[PDB]
>>> print(open('entry-v5.txt').read())   # compact mmCIF, C-alpha atoms and all ligand atoms
# COMPACT_ATOMS: atom_id res chain seq x y z
CA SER A 1 -4.27 -0.92 17.23
CA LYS A 2 -0.82 -0.54 15.65
CA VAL A 3 -0.78 0.13 11.91
CA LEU A 4 2.17 0.28 9.53
CA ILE A 5 1.71 2.15 6.26
CA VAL A 6 4.61 1.28 3.94
CA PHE A 7 4.58 2.98 0.58
CA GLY A 8 6.48 3.42 -2.65
CA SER A 9 6.01 6.76 -4.38
CA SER A 10 8.06 8.20 -7.27
CA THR A 11 6.17 11.46 -7.78
CA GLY A 12 4.47 11.65 -4.38
CA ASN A 13 0.85 10.71 -5.03
CA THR A 14 0.90 7.34 -3.27
CA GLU A 15 3.00 8.99 -0.56
CA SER A 16 0.21 11.55 -0.38
CA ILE A 17 -2.51 8.91 0.00
CA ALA A 18 -0.40 7.32 2.75
CA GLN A 19 -0.16 10.58 4.73
CA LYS A 20 -3.95 11.03 4.55
CA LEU A 21 -4.65 7.43 5.60
CA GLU A 22 -2.42 7.84 8.63
CA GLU A 23 -4.33 11.02 9.42
CA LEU A 24 -7.74 9.39 9.01
CA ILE A 25 -6.68 6.26 10.92
CA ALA A 26 -5.01 8.11 13.80
CA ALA A 27 -8.27 10.04 14.12
CA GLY A 28 -9.77 6.61 14.69
CA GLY A 29 -7.61 6.46 17.80
CA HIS A 30 -4.80 4.25 16.47
CA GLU A 31 -1.02 4.32 16.54
CA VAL A 32 0.27 4.60 12.99
CA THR A 33 3.77 4.42 11.56
CA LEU A 34 4.47 5.86 8.12
CA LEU A 35 7.32 4.13 6.25
CA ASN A 36 8.92 4.91 2.94
CA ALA A 37 9.67 1.66 1.10
CA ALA A 38 12.98 3.19 0.04
CA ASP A 39 13.83 3.20 3.75
CA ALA A 40 12.34 -0.19 4.60
CA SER A 41 14.04 -3.43 5.65
CA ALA A 42 11.82 -6.41 4.87
CA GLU A 43 13.31 -8.63 7.57
CA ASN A 44 10.72 -8.77 10.37
CA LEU A 45 9.13 -5.52 9.11
CA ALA A 46 5.67 -6.37 10.49
CA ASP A 47 6.78 -7.30 14.03
CA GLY A 48 4.61 -5.59 16.61
CA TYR A 49 2.02 -4.43 14.09
CA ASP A 50 -1.66 -5.31 14.20
CA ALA A 51 -2.03 -4.53 10.49
CA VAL A 52 0.14 -3.47 7.53
CA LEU A 53 -0.98 -1.21 4.68
CA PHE A 54 1.06 -1.48 1.46
CA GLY A 55 1.16 1.37 -1.03
CA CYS A 56 2.61 0.89 -4.50
CA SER A 57 2.09 3.16 -7.51
CA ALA A 58 1.97 1.65 -10.98
CA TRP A 59 4.73 1.98 -13.60
CA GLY A 60 4.10 0.02 -16.74
CA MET A 61 7.38 0.44 -18.58
CA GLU A 62 11.00 -0.37 -17.68
CA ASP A 63 10.19 -1.05 -14.10
CA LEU A 64 9.14 -4.69 -13.89
CA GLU A 65 5.57 -3.95 -13.19
CA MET A 66 5.86 -1.87 -9.94
CA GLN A 67 7.39 1.22 -8.28
CA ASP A 68 11.17 1.08 -7.71
CA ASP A 69 11.48 0.93 -3.95
CA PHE A 70 8.40 -1.22 -3.51
CA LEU A 71 9.65 -3.85 -5.94
CA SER A 72 12.71 -4.52 -3.77
CA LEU A 73 10.37 -4.80 -0.77
CA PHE A 74 7.66 -6.91 -2.40
CA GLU A 75 10.31 -9.39 -3.61
CA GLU A 76 11.06 -10.11 0.04
CA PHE A 77 7.47 -10.31 1.27
CA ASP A 78 8.01 -13.72 2.88
CA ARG A 79 10.59 -12.15 5.22
CA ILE A 80 8.13 -9.55 6.46
CA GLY A 81 6.21 -11.73 8.93
CA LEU A 82 2.76 -11.23 7.41
CA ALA A 83 1.40 -14.58 8.62
CA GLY A 84 -1.75 -13.88 10.64
CA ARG A 85 -1.56 -10.11 10.21
CA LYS A 86 -4.19 -7.76 8.84
CA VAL A 87 -3.22 -6.42 5.42
CA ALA A 88 -4.58 -4.18 2.70
CA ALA A 89 -3.20 -2.48 -0.39
CA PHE A 90 -3.59 0.93 -2.04
CA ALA A 91 -2.09 2.69 -5.06
CA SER A 92 -2.11 5.72 -7.32
CA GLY A 93 -2.07 5.29 -11.08
CA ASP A 94 -3.62 6.30 -14.37
CA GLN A 95 -6.70 4.83 -16.07
CA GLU A 96 -5.29 5.81 -19.46
CA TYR A 97 -2.93 2.83 -19.21
CA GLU A 98 -3.85 -0.76 -20.02
CA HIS A 99 -3.16 -1.98 -16.48
CA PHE A 100 -4.55 0.32 -13.78
CA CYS A 101 -2.84 -0.18 -10.40
CA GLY A 102 -1.87 -3.81 -11.04
CA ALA A 103 0.27 -3.98 -7.92
CA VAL A 104 -2.85 -3.83 -5.72
CA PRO A 105 -4.09 -7.33 -6.66
CA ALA A 106 -0.53 -8.72 -6.57
CA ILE A 107 0.15 -7.54 -3.01
CA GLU A 108 -3.17 -8.95 -1.83
CA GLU A 109 -2.40 -12.21 -3.64
CA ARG A 110 1.05 -12.62 -2.10
CA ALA A 111 0.22 -11.49 1.43
CA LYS A 112 -2.74 -13.86 1.37
CA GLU A 113 -0.45 -16.69 0.23
CA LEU A 114 1.77 -15.97 3.25
CA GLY A 115 -0.99 -16.34 5.86
CA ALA A 116 -2.17 -12.72 5.91
CA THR A 117 -5.83 -11.67 6.15
CA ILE A 118 -7.03 -9.00 3.72
CA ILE A 119 -9.15 -6.59 5.75
CA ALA A 120 -10.09 -4.01 3.13
CA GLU A 121 -10.66 -3.94 -0.61
CA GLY A 122 -7.68 -2.61 -2.55
CA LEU A 123 -7.58 1.13 -3.10
CA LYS A 124 -7.17 1.95 -6.78
CA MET A 125 -7.34 5.67 -7.57
CA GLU A 126 -5.60 8.40 -9.55
CA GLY A 127 -3.74 11.52 -8.43
CA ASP A 128 -3.07 12.43 -4.82
CA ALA A 129 -5.21 12.11 -1.70
CA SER A 130 -6.74 15.52 -2.44
CA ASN A 131 -7.74 14.30 -5.89
CA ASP A 132 -10.09 11.68 -4.49
CA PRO A 133 -10.83 12.21 -0.78
CA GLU A 134 -13.88 9.95 -1.05
CA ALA A 135 -12.03 6.89 -2.38
CA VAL A 136 -9.26 7.46 0.16
CA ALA A 137 -11.79 7.76 2.99
CA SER A 138 -13.68 4.61 2.02
CA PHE A 139 -10.42 2.64 2.17
CA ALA A 140 -9.55 4.06 5.61
CA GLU A 141 -13.04 3.35 6.92
CA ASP A 142 -12.97 -0.22 5.69
CA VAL A 143 -9.65 -0.59 7.45
CA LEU A 144 -10.93 0.95 10.70
CA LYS A 145 -13.78 -1.57 10.70
CA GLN A 146 -11.24 -4.40 11.13
CA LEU A 147 -9.09 -2.75 13.82
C1 LIG B 201 6.16 6.10 -17.93
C2 LIG B 201 4.93 5.90 -17.10
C3 LIG B 201 4.24 4.69 -17.16
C4 LIG B 201 3.11 4.49 -16.36
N1 LIG B 201 2.43 3.30 -16.43
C5 LIG B 201 1.31 3.10 -15.64
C6 LIG B 201 0.61 1.89 -15.71
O1 LIG B 201 0.78 1.14 -16.67
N2 LIG B 201 -0.50 1.71 -14.90
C7 LIG B 201 -0.93 2.71 -14.06
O2 LIG B 201 -1.92 2.52 -13.36
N3 LIG B 201 -0.24 3.91 -13.99
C8 LIG B 201 0.88 4.10 -14.78
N4 LIG B 201 1.56 5.30 -14.72
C9 LIG B 201 0.89 6.48 -14.09
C10 LIG B 201 1.46 6.72 -12.70
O3 LIG B 201 1.34 5.52 -11.97
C11 LIG B 201 0.72 7.85 -11.98
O4 LIG B 201 1.26 9.09 -12.38
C12 LIG B 201 0.78 7.71 -10.47
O5 LIG B 201 -0.18 8.56 -9.87
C13 LIG B 201 2.16 8.04 -9.92
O6 LIG B 201 2.25 7.47 -8.64
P1 LIG B 201 3.29 8.01 -7.53
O7 LIG B 201 3.44 9.50 -7.69
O8 LIG B 201 2.73 7.76 -6.15
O9 LIG B 201 4.62 7.31 -7.68
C14 LIG B 201 2.68 5.50 -15.51
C15 LIG B 201 3.37 6.70 -15.45
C16 LIG B 201 4.50 6.91 -16.25
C17 LIG B 201 4.93 8.32 -16.54
>>> encode(input="entry-v5.txt", output="structure tokens")
Amino acid sequence: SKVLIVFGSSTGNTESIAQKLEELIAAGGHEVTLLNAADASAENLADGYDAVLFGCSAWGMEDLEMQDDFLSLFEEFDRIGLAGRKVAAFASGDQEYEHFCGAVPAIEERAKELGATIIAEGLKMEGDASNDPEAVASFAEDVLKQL
């Protein structure tokens, strides 16, 4: 199966979780493509992919509710071609804030609205992949069960 992991990371934690997931999922025997959202072009982004994993860290203040580069992507979700594609979301954040990883539900909500099938429960964790290998690895496993 072909998996795209697109992520937005401003201090590298979500980017870190994305690296790990690719690792874990490629060890499942799959072809994975890692994509920085700062380098992504929404238009037809999902073409050729069996599933798409979206990573977006949380930023409560100035930043309209999401990470920079992901916000520009998200806003063009309906150009991505998610209809009938497997999708899941993950994020790094901090519990000490009122809204912990609020972009996870949003991504699931939108993708679902566009004909996409959520295959795994949203990953909400703190720190990098090494901070919570177990949470990371449950997300990957869930994913691998639908591929
Ligand atoms: C100014 C600021 C506001 C933040 N607001 C939130 C927020 O409201 N919700 C949340 O879950 N995390 C929030 N965070 C915590 C970051 O999301 C956390 O450090 C995360 O792991 C960084 O993700 P990234 O390195 O992948 O970009 C905030 C961080 C900063 C410094």
>>> closest_residue(input="entry-v5.txt", among="A:35, A:129, A:51, A:147", to="ligand LIG 201 (chain B)", atoms="only C-alpha atoms and all ligand atoms")
A:129
>>> residues_near_point(input="entry-v5.txt", point="(-1.7, -4.3, 5.4)", cutoff="7 Å", atoms="only C-alpha atoms", output="list in words")
residues 51, 52, 53, 54, 86, 87, 88 and 89 of chain A
>>> write_last_selection(input="entry-v5.txt", atoms="C-alpha atoms", output="compact mmCIF listing (two decimals), in the frame of the given file")
# COMPACT_ATOMS: atom_id res chain seq x y z
CA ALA A 51 -2.03 -4.53 10.49
CA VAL A 52 0.14 -3.47 7.53
CA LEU A 53 -0.98 -1.21 4.68
CA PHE A 54 1.06 -1.48 1.46
CA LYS A 86 -4.19 -7.76 8.84
CA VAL A 87 -3.22 -6.42 5.42
CA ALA A 88 -4.58 -4.18 2.70
CA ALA A 89 -3.20 -2.48 -0.39
>>> atom_distance(input="entry-v5.txt", atom1="atom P1 of ligand LIG 201 (chain B)", atom2="CA of residue 18 in chain A")
10.9 Å
>>> closest_atom_pairs(input="entry-v5.txt", of="chain A", to="ligand LIG 201 (chain B)", cutoff="12 Å", atoms="all atoms listed in the file", output="JSON lines")
{"residue": "A:7", "atom": "CA", "partner": "B:LIG201", "partner_atom": "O8", "distance": 8.5}
{"residue": "A:8", "atom": "CA", "partner": "B:LIG201", "partner_atom": "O9", "distance": 6.6}
{"residue": "A:9", "atom": "CA", "partner": "B:LIG201", "partner_atom": "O9", "distance": 3.6}
{"residue": "A:10", "atom": "CA", "partner": "B:LIG201", "partner_atom": "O9", "distance": 3.6}
{"residue": "A:11", "atom": "CA", "partner": "B:LIG201", "partner_atom": "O7", "distance": 3.4}
{"residue": "A:12", "atom": "CA", "partner": "B:LIG201", "partner_atom": "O7", "distance": 4.1}
{"residue": "A:13", "atom": "CA", "partner": "B:LIG201", "partner_atom": "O8", "distance": 3.7}
{"residue": "A:14", "atom": "CA", "partner": "B:LIG201", "partner_atom": "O8", "distance": 3.4}
{"residue": "A:15", "atom": "CA", "partner": "B:LIG201", "partner_atom": "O8", "distance": 5.7}
{"residue": "A:16", "atom": "CA", "partner": "B:LIG201", "partner_atom": "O8", "distance": 7.3}
{"residue": "A:17", "atom": "CA", "partner": "B:LIG201", "partner_atom": "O8", "distance": 8.2}
{"residue": "A:18", "atom": "CA", "partner": "B:LIG201", "partner_atom": "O8", "distance": 9.4}
{"residue": "A:19", "atom": "CA", "partner": "B:LIG201", "partner_atom": "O8", "distance": 11.6}
{"residue": "A:36", "atom": "CA", "partner": "B:LIG201", "partner_atom": "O8", "distance": 11.4}
{"residue": "A:37", "atom": "CA", "partner": "B:LIG201", "partner_atom": "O9", "distance": 11.6}
{"residue": "A:55", "atom": "CA", "partner": "B:LIG201", "partner_atom": "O8", "distance": 8.3}
{"residue": "A:56", "atom": "CA", "partner": "B:LIG201", "partner_atom": "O8", "distance": 7.1}
{"residue": "A:57", "atom": "CA", "partner": "B:LIG201", "partner_atom": "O6", "distance": 4.5}
{"residue": "A:58", "atom": "CA", "partner": "B:LIG201", "partner_atom": "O3", "distance": 4.0}
{"residue": "A:59", "atom": "CA", "partner": "B:LIG201", "partner_atom": "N1", "distance": 3.9}
{"residue": "A:60", "atom": "CA", "partner": "B:LIG201", "partner_atom": "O1", "distance": 3.5}
{"residue": "A:61", "atom": "CA", "partner": "B:LIG201", "partner_atom": "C3", "distance": 5.5}
{"residue": "A:62", "atom": "CA", "partner": "B:LIG201", "partner_atom": "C1", "distance": 8.1}
{"residue": "A:63", "atom": "CA", "partner": "B:LIG201", "partner_atom": "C3", "distance": 8.8}
{"residue": "A:64", "atom": "CA", "partner": "B:LIG201", "partner_atom": "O1", "distance": 10.6}
{"residue": "A:65", "atom": "CA", "partner": "B:LIG201", "partner_atom": "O1", "distance": 7.8}
{"residue": "A:66", "atom": "CA", "partner": "B:LIG201", "partner_atom": "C6", "distance": 8.7}
{"residue": "A:67", "atom": "CA", "partner": "B:LIG201", "partner_atom": "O9", "distance": 6.7}
{"residue": "A:68", "atom": "CA", "partner": "B:LIG201", "partner_atom": "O9", "distance": 9.0}
{"residue": "A:69", "atom": "CA", "partner": "B:LIG201", "partner_atom": "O9", "distance": 10.1}
{"residue": "A:70", "atom": "CA", "partner": "B:LIG201", "partner_atom": "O9", "distance": 10.2}
{"residue": "A:90", "atom": "CA", "partner": "B:LIG201", "partner_atom": "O8", "distance": 10.2}
{"residue": "A:91", "atom": "CA", "partner": "B:LIG201", "partner_atom": "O8", "distance": 7.1}
{"residue": "A:92", "atom": "CA", "partner": "B:LIG201", "partner_atom": "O5", "distance": 4.3}
{"residue": "A:93", "atom": "CA", "partner": "B:LIG201", "partner_atom": "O3", "distance": 3.5}
{"residue": "A:94", "atom": "CA", "partner": "B:LIG201", "partner_atom": "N3", "distance": 4.2}
{"residue": "A:95", "atom": "CA", "partner": "B:LIG201", "partner_atom": "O2", "distance": 6.0}
{"residue": "A:96", "atom": "CA", "partner": "B:LIG201", "partner_atom": "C7", "distance": 7.6}
{"residue": "A:97", "atom": "CA", "partner": "B:LIG201", "partner_atom": "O1", "distance": 4.8}
{"residue": "A:98", "atom": "CA", "partner": "B:LIG201", "partner_atom": "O1", "distance": 6.0}
{"residue": "A:99", "atom": "CA", "partner": "B:LIG201", "partner_atom": "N2", "distance": 4.8}
{"residue": "A:100", "atom": "CA", "partner": "B:LIG201", "partner_atom": "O2", "distance": 3.5}
{"residue": "A:101", "atom": "CA", "partner": "B:LIG201", "partner_atom": "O2", "distance": 4.1}
{"residue": "A:102", "atom": "CA", "partner": "B:LIG201", "partner_atom": "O2", "distance": 6.7}
{"residue": "A:103", "atom": "CA", "partner": "B:LIG201", "partner_atom": "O2", "distance": 8.8}
{"residue": "A:104", "atom": "CA", "partner": "B:LIG201", "partner_atom": "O2", "distance": 10.0}
{"residue": "A:123", "atom": "CA", "partner": "B:LIG201", "partner_atom": "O2", "distance": 11.8}
{"residue": "A:124", "atom": "CA", "partner": "B:LIG201", "partner_atom": "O2", "distance": 8.4}
{"residue": "A:125", "atom": "CA", "partner": "B:LIG201", "partner_atom": "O5", "distance": 8.1}
{"residue": "A:126", "atom": "CA", "partner": "B:LIG201", "partner_atom": "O5", "distance": 5.4}
{"residue": "A:127", "atom": "CA", "partner": "B:LIG201", "partner_atom": "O5", "distance": 4.8}
{"residue": "A:128", "atom": "CA", "partner": "B:LIG201", "partner_atom": "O5", "distance": 7.0}
{"residue": "A:129", "atom": "CA", "partner": "B:LIG201", "partner_atom": "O8", "distance": 10.1}
{"residue": "A:131", "atom": "CA", "partner": "B:LIG201", "partner_atom": "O5", "distance": 10.3}
{"residue": "A:132", "atom": "CA", "partner": "B:LIG201", "partner_atom": "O5", "distance": 11.7}
>>> residues_around(input="entry-v5.txt", residues="range 40-50 of chain A", least_positions_apart="5", cutoff="8 Å", atoms="all atoms listed in the file", output="PDB file with C-alpha atoms, in the coordinates of the input")
ATOM      1  CA  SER A   1      -4.270  -0.920  17.230  1.00  0.00           C
ATOM      2  CA  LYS A   2      -0.820  -0.540  15.650  1.00  0.00           C
ATOM      3  CA  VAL A   3      -0.780   0.130  11.910  1.00  0.00           C
ATOM      4  CA  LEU A   4       2.170   0.280   9.530  1.00  0.00           C
ATOM      5  CA  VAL A   6       4.610   1.280   3.940  1.00  0.00           C
ATOM      6  CA  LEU A  35       7.320   4.130   6.250  1.00  0.00           C
ATOM      7  CA  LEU A  73      10.370  -4.800  -0.770  1.00  0.00           C
ATOM      8  CA  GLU A  76      11.060 -10.110   0.040  1.00  0.00           C
ATOM      9  CA  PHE A  77       7.470 -10.310   1.270  1.00  0.00           C
ATOM     10  CA  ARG A  79      10.590 -12.150   5.220  1.00  0.00           C
ATOM     11  CA  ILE A  80       8.130  -9.550   6.460  1.00  0.00           C
ATOM     12  CA  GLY A  81       6.210 -11.730   8.930  1.00  0.00           C
ATOM     13  CA  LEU A  82       2.760 -11.230   7.410  1.00  0.00           C
ATOM     14  CA  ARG A  85      -1.560 -10.110  10.210  1.00  0.00           C
ATOM     15  CA  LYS A  86      -4.190  -7.760   8.840  1.00  0.00           C
ATOM     16  CA  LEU A 147      -9.090  -2.750  13.820  1.00  0.00           C
TER      17      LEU A 147
END
>>> closest_residue(input="entry-v5.txt", among="A:72, A:140, A:20, A:29", to="residue 119 in chain A", atoms="only C-alpha atoms")
A:140
>>> atom_distance(input="entry-v5.txt", atom1="CA of residue 107 in chain A", atom2="CA of residue 122 in chain A")
9.3 Å
>>> residues_around(input="entry-v5.txt", residues="residue 83 in chain A", least_positions_apart="4", cutoff="6 Å", atoms="all atoms listed in the file", output="VMD selection string")
chain A and resid 114 to 116
>>> atom_distance(input="entry-v5.txt", atom1="CA of residue 142 in chain A", atom2="CA of residue 120 in chain A")
5.4 Å
>>> closest_residue(input="entry-v5.txt", among="A:5, A:21, A:146, A:109", to="residue 33 in chain A", atoms="only C-alpha atoms")
A:5
>>> build_atoms(input="entry-v5.txt", residues="range 79-115 of chain A", atoms="N, CA and C atoms", output="mmCIF file, in the frame of the given file")
data_model
loop_
_atom_site.group_PDB
_atom_site.id
_atom_site.type_symbol
_atom_site.label_atom_id
_atom_site.label_comp_id
_atom_site.auth_asym_id
_atom_site.auth_seq_id
_atom_site.Cartn_x
_atom_site.Cartn_y
_atom_site.Cartn_z
ATOM 1 N N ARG A 79 9.717 -12.458 4.091
ATOM 2 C CA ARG A 79 10.590 -12.150 5.220
ATOM 3 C C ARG A 79 9.926 -11.150 6.150
ATOM 4 N N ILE A 80 8.761 -10.655 5.749
ATOM 5 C CA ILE A 80 8.130 -9.550 6.460
ATOM 6 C C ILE A 80 7.377 -9.969 7.725
ATOM 7 N N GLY A 81 6.948 -11.225 7.781
ATOM 8 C CA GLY A 81 6.210 -11.730 8.930
ATOM 9 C C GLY A 81 4.719 -11.445 8.858
ATOM 10 N N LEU A 82 4.157 -11.579 7.663
ATOM 11 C CA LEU A 82 2.760 -11.230 7.410
ATOM 12 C C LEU A 82 1.763 -12.279 7.894
ATOM 13 N N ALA A 83 2.259 -13.475 8.202
ATOM 14 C CA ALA A 83 1.400 -14.580 8.620
ATOM 15 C C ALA A 83 0.511 -14.174 9.797
ATOM 16 N N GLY A 84 -0.799 -14.201 9.583
ATOM 17 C CA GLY A 84 -1.750 -13.880 10.640
ATOM 18 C C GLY A 84 -1.817 -12.406 10.982
ATOM 19 N N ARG A 85 -1.451 -11.555 10.028
ATOM 20 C CA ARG A 85 -1.560 -10.110 10.210
ATOM 21 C C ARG A 85 -2.550 -9.507 9.235
ATOM 22 N N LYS A 86 -3.211 -8.440 9.670
ATOM 23 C CA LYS A 86 -4.190 -7.760 8.840
ATOM 24 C C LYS A 86 -3.453 -6.956 7.773
ATOM 25 N N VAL A 87 -3.903 -7.069 6.531
ATOM 26 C CA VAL A 87 -3.220 -6.420 5.420
ATOM 27 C C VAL A 87 -4.205 -5.857 4.414
ATOM 28 N N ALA A 88 -3.832 -4.735 3.814
ATOM 29 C CA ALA A 88 -4.580 -4.180 2.700
ATOM 30 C C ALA A 88 -3.607 -3.442 1.801
ATOM 31 N N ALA A 89 -4.051 -3.140 0.587
ATOM 32 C CA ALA A 89 -3.200 -2.480 -0.390
ATOM 33 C C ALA A 89 -3.883 -1.251 -0.990
ATOM 34 N N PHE A 90 -3.083 -0.245 -1.341
ATOM 35 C CA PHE A 90 -3.590 0.930 -2.040
ATOM 36 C C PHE A 90 -2.559 1.425 -3.051
ATOM 37 N N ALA A 91 -3.001 2.202 -4.035
ATOM 38 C CA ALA A 91 -2.090 2.690 -5.060
ATOM 39 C C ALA A 91 -2.648 3.880 -5.818
ATOM 40 N N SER A 92 -1.741 4.683 -6.370
ATOM 41 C CA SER A 92 -2.110 5.720 -7.320
ATOM 42 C C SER A 92 -1.611 5.340 -8.708
ATOM 43 N N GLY A 93 -2.400 5.665 -9.721
ATOM 44 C CA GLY A 93 -2.070 5.290 -11.080
ATOM 45 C C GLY A 93 -2.853 6.112 -12.066
ATOM 46 N N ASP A 94 -2.905 5.625 -13.300
ATOM 47 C CA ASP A 94 -3.620 6.300 -14.370
ATOM 48 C C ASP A 94 -4.478 5.316 -15.147
ATOM 49 N N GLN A 95 -5.752 5.659 -15.320
ATOM 50 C CA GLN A 95 -6.700 4.830 -16.070
ATOM 51 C C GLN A 95 -6.305 4.726 -17.536
ATOM 52 N N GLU A 96 -5.632 5.752 -18.043
ATOM 53 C CA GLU A 96 -5.290 5.810 -19.460
ATOM 54 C C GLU A 96 -4.266 4.753 -19.868
ATOM 55 N N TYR A 97 -3.840 3.929 -18.918
ATOM 56 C CA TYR A 97 -2.930 2.830 -19.210
ATOM 57 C C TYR A 97 -3.695 1.510 -19.230
ATOM 58 N N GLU A 98 -3.138 0.498 -19.881
ATOM 59 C CA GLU A 98 -3.850 -0.760 -20.020
ATOM 60 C C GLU A 98 -4.058 -1.457 -18.679
ATOM 61 N N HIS A 99 -3.110 -1.285 -17.764
ATOM 62 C CA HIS A 99 -3.160 -1.980 -16.480
ATOM 63 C C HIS A 99 -3.158 -1.021 -15.294
ATOM 64 N N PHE A 100 -4.355 -0.653 -14.847
ATOM 65 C CA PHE A 100 -4.550 0.320 -13.780
ATOM 66 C C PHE A 100 -4.289 -0.261 -12.384
ATOM 67 N N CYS A 101 -3.219 0.220 -11.752
ATOM 68 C CA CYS A 101 -2.840 -0.180 -10.400
ATOM 69 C C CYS A 101 -2.748 -1.699 -10.214
ATOM 70 N N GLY A 102 -1.990 -2.363 -11.083
ATOM 71 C CA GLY A 102 -1.870 -3.810 -11.040
ATOM 72 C C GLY A 102 -1.120 -4.391 -9.851
ATOM 73 N N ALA A 103 -0.442 -3.535 -9.103
ATOM 74 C CA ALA A 103 0.270 -3.980 -7.920
ATOM 75 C C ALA A 103 -0.666 -4.200 -6.717
ATOM 76 N N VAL A 104 -1.881 -3.658 -6.795
ATOM 77 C CA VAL A 104 -2.850 -3.830 -5.720
ATOM 78 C C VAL A 104 -3.257 -5.312 -5.604
ATOM 79 N N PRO A 105 -3.767 -5.905 -6.701
ATOM 80 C CA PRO A 105 -4.090 -7.330 -6.660
ATOM 81 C C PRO A 105 -2.903 -8.205 -6.278
ATOM 82 N N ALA A 106 -1.729 -7.926 -6.836
ATOM 83 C CA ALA A 106 -0.530 -8.720 -6.570
ATOM 84 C C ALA A 106 -0.180 -8.777 -5.084
ATOM 85 N N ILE A 107 -0.178 -7.618 -4.433
ATOM 86 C CA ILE A 107 0.150 -7.540 -3.010
ATOM 87 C C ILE A 107 -0.827 -8.356 -2.185
ATOM 88 N N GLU A 108 -2.111 -8.201 -2.489
ATOM 89 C CA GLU A 108 -3.170 -8.950 -1.830
ATOM 90 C C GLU A 108 -2.977 -10.448 -2.030
ATOM 91 N N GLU A 109 -2.647 -10.822 -3.263
ATOM 92 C CA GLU A 109 -2.400 -12.210 -3.640
ATOM 93 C C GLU A 109 -1.262 -12.810 -2.823
ATOM 94 N N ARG A 110 -0.133 -12.114 -2.788
ATOM 95 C CA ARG A 110 1.050 -12.620 -2.100
ATOM 96 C C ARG A 110 0.845 -12.675 -0.593
ATOM 97 N N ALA A 111 0.436 -11.555 -0.008
ATOM 98 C CA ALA A 111 0.220 -11.490 1.430
ATOM 99 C C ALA A 111 -0.708 -12.613 1.860
ATOM 100 N N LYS A 112 -1.759 -12.829 1.079
ATOM 101 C CA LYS A 112 -2.740 -13.860 1.370
ATOM 102 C C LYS A 112 -2.066 -15.230 1.355
ATOM 103 N N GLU A 113 -1.197 -15.439 0.370
ATOM 104 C CA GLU A 113 -0.450 -16.690 0.230
ATOM 105 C C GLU A 113 0.457 -16.933 1.438
ATOM 106 N N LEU A 114 0.827 -15.865 2.135
ATOM 107 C CA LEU A 114 1.770 -15.970 3.250
ATOM 108 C C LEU A 114 1.071 -15.997 4.617
ATOM 109 N N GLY A 115 -0.237 -16.235 4.619
ATOM 110 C CA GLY A 115 -0.990 -16.340 5.860
ATOM 111 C C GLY A 115 -1.631 -15.045 6.342
#
